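These values consider heavy atoms only, across backbone and side chains, with no hydrogens, waters or symmetry-generated copies. Each chain gets a letter, A, B and so on, in the order its sequence line appears, and its residues count up from 1.
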Protein chains: 2
Amino acid sequence: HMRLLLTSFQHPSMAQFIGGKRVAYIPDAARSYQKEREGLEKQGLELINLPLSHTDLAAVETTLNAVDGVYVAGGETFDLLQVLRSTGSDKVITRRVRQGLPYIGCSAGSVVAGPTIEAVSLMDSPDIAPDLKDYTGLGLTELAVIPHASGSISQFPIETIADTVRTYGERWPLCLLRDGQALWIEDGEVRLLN
Amino acid sequence: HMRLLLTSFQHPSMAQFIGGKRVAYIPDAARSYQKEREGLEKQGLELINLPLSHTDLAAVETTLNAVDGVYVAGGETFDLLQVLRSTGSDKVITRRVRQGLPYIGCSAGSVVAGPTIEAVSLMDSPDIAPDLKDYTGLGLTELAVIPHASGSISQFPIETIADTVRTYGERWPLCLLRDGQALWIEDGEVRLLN
């Protein structure tokens with residue numbers, strides 16, 4: 001019973017989606033540089049910090065076993081995938097989610113769950129992960145989320161969003177998500193939330 | 001109990017979505033110029049042609065009362081909205097759909113169901129309806145469908161799809177639908193189909 005909530009920038013249904021109070025918080029995407037945590041904490045969720053960069057694989061496994069859900073924070077998508085691949089936590093996380101551990105993605109966290117992270121090359125710099133060549137995602141979903149699709153963030157203007165569709169729209173099943181939208185994927189069905 | 005199936009170019013679930021054999025077929029979008037009918041008929045559906053341009057509202061009412069669903073074919077979106085507004089069938093169709101008549105949109109048919117048709121100005125020419133100024137849609141959904149989003153159709157290349165996002169992505173909640181995808185909207189929920 002895999003359950004996913006792939007948000008562009010979070011959603012009010014996060015705590016209800018977890019169905020519990022304790023959530024492992026993975027912050028490695030932003031490791032190269034608070035607001036996100038307060039979003040979860042304001043809904044009554046307790047955050048168990050899980051920095052994959054500083055956590056041995058055995059401790060990752062047990063931590064994901066003692067929490068009600070996992071949240072992958074936004075940041076640099078390529079850095080996040082690089083950490084996931086190098087640590088080997090990508091397999092641990094995927095296995096736990098496929099076994100029923102609810103997964104909340106935010107921005108980069110939603111992108112890595114898809115088939116690839118190459119489609120966000122114009123949004124997040126691949127240069128932050130010089131030795132990362134294989135951009136294959138976790139594959140939890142077939143949808144390639146493009147977050148912040150409304151261009152409201154100065155960091156990701158609408159011209160960049162349009163460039164992403166032009167460069168990658170043909171090959172990849174882009175799913176543009178605006179801030180406030182999310183994909184609730186449960187029981188093998190994809191619900192588009194507003 | 002409003003039920004909608006807004007397809008980019010049809011879907012295998014159309015007949016199951018109807019839950020019946022008889023479907024009123026509205027072809028006015030393509031009136032300015034066959035394969036689409038075969039898609040419905042190949043699924044066992046019986047098409048009752050409903051050309052809004054040549055049908056008085058009294059005949060529209062009885063026709064939609066004797067069928068299990070309505071299908072709005074692709075074509076020129078601006079011409080389709082012009083016909084819907086001028087004939088007054090836009091209110092007749094909206095009322096029955098809101099009363100539970102299942103609605104299948106294809107391309108232009110899915111676009112008119114949204115809040116506006118302005119966002120497809122780069123895909124379909126507004127010039128076909130010179131006197132049409134108010135691009136307000138039927139309002140059946142808050143999502144502004146952008147069909148054929150993969151750029152596979154030569155008439156609608158990916159550069160045009162990206163231009164649509166650049167021009168309208170900020171103001172409107174664009175929902176890019178690729179051929180084979182659909183939005184199944186039932187019981188107040190939006191399901192993204194593949």
Side-chain angles (χ1 to χ4, degrees), chain A residues 3-18 23 25 29-30 35-45 69 71-75 77 102-114 119-120 123-124 141 143-162 164-165 173-186 189-190 192-194, chain B residues 4 6 113-116 119 137 139-141 143-146 149 164-177 181 183-185 187-190 192:
Chain A
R3 322 201 291 110
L4 313 171
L5 182 64
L6 311 187
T7 77
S8 173
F9 180 60
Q10 303 190 334
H11 197 263
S13 75
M14 284 185 307
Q16 168 194 76
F17 167 79
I18 292 308
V23 179
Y25 190 96
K35 227 66 232 296
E36 225 164 317
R37 292 187 201 257
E38 329 209 326
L40 297 157
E41 273 158 359
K42 83 208 183 319
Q43 297 186 19
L45 298 177
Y71 176 97
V72 187
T77 303
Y103 179 104
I104 301 173
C106 181
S107 190
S110 298
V111 177
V112 287
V120 301
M123 300 180 70
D124 293 351
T141 177
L143 299 177
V145 170
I146 300 301
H148 321 300
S150 83
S152 68
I153 309 285
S154 87
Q155 285 66 27
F156 309 109
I158 195 69
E159 289 79 11
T160 297
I161 302 292
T164 297
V165 173
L174 308 183
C175 180
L176 274 54
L177 286 184
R178 314 163 76 79
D179 284 2
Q181 299 183 318
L183 302 164
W184 184 317
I185 305 172
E186 182 157 333
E189 290 185 312
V190 186
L192 179 63
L193 299 188
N194 276 17
Chain B
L4 314 171
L6 311 187
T116 184
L140 301 167
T141 177
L143 299 177
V145 170
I146 300 301
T164 297
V165 173
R166 181 185 57 77
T167 311
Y168 303 102
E170 288 165 308
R171 180 45 184 88
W172 299 104
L174 309 182
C175 181
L176 273 53
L177 286 184
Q181 299 183 318
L183 302 164
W184 185 317
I185 303 173
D187 300 316
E189 291 185 312
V190 186
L192 180 64

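For the residue pair A:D124 and A:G75, the shortest heavy atom distance occurs at OD2-O, 3.2 Å. Of all heavy-atom pairs between A:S8 and A:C106, the closest is O-SG, 3.9 Å. Closest approach of A:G74 to A:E36, counting heavy atoms only: N-OE2, 2.9 Å. Of all the heavy atoms in A:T7 and A:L177, the pair that sits closest is C-CD1, 4.3 Å. Of all non-hydrogen atoms in A:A29 and A:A108, the two that sit nearest each other are CB-CB, 4.3 Å.
Residues passing the side-chain contact (heavy atoms from CB on, under 4.5 Å) test with A:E159 are A:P157, B:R166, sequence neighbours excluded. Not counting sequence neighbours, the partners of A:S107 by the side-chain hydrogen bond (donor to acceptor under 3.5 Å, both in side chains) test are A:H148. Partners of A:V111 by side-chain contact (heavy atoms from CB on, under 4.5 Å), not counting sequence neighbours, listed by chain and number: A:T77, A:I117, A:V120, A:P147. Applying the ring pair (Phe, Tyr, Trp, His ring centres under 6.0 Å) test to A:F17 and every residue at least two apart in sequence or in another chain returns A:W184. In terms of the side-chain hydrogen bond (donor to acceptor under 3.5 Å, both in side chains) criterion, residue partners of A:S13 (sequence neighbours excluded) are, by chain and number, A:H11.
Note: B:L4 CG to B:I185 CD1 = 5.0 Å, rounded to the nearest 0.5 Å. Here SG of B:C175 is found 9.0 Å from CG of B:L6. Values are rounded to the nearest 0.5 Å. Rounded to the nearest 0.5 angstrom, A:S110 OG and A:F9 CZ are separated by 12.0 Å. The CG atom of A:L40 sits 4.5 Å away from atom CE of A:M14, with the distance rounded to the nearest 0.5 Å. Taken from CG in A:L176 to CG in B:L176, the straight-line distance is 5.5 Å, to the nearest 0.5 Å. The structure places CG of A:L174 at 5.0 Å from CD1 of A:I146, a figure rounded to the nearest 0.5 Å.
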Take A:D179 and A:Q10 through the side-chain contact (heavy atoms from CB on, under 4.5 Å) test and state the conclusion after the steps. CA-CA 8 Å; A:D179 284 2; A:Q10 303 190 334; over 6 Å; no
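With hydrogens and angles left out, the side-chain atoms of A:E41 and A:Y25 include no donor and acceptor closer than 3.5 Å.
Side-chain contact between A:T160 and A:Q155 is absent, with no heavy atoms from C-beta onward closer than 4.5 Å. Using a 4.5 Å heavy-atom cutoff, the side chains of A:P102 and A:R3 are in contact. Annotation: side chain of A:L143 is in contact with side chain of A:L183 (closest heavy-atom distance under 4.5 Å). Between A:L193 and A:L5 the shortest side-chain heavy-atom distance falls below 4.5 Å.
Between the side chain of B:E170 and the backbone N or O of A:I158, no donor-acceptor pair lies under 3.5 Å. Proximity of a side-chain donor or acceptor of A:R178 to a complementary backbone N or O of A:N194 within less than 3.5 Å is not detected. Distance alone, capped at 3.5 Å, places no donor-acceptor pair between the A:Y71 side chain and the A:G109 backbone.
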